[PDB]
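These notes concern the structure reproduced below.
Since every read-out is calculated from the coordinates, none of them should be taken as a lab result. Ideal geometry is used to build each Cβ from the backbone, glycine not excepted, and the neighbour counts take in all protein chains shown.
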Amino acid sequence: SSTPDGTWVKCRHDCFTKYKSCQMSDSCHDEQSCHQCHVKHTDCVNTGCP
């Protein structure tokens, strides 16, 4: 029972904004296409903050 980190989460948020930005992109036309944004976030997070 402890917090994960504080800077590592900044990555989650960093890629999150990039993800939200992806959802704001017109690439979010399909659910899968928007899912890719989430998946990119997942990979972004996996790489930026595994």
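With Rh defined as the Kirkwood radius, the inverse of the mean 1/r over Cα pairs, the Rg/Rh of the chain is 1.08.
Taking other C-beta atoms within 10 angstrom as a stand-in for reagent exposure, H29, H13, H41 fall in the order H29, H13, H41, fewest first. Do the sum for the chain: with -39,500 (n - 2.57) for every DSSP H run of n ≥ 4, divided by all residues, what is the mean residue ellipticity at 222 nm, to the nearest 500 deg cm²/dmol? So the helix-based figure for the chain works out to -23500 deg cm²/dmol.
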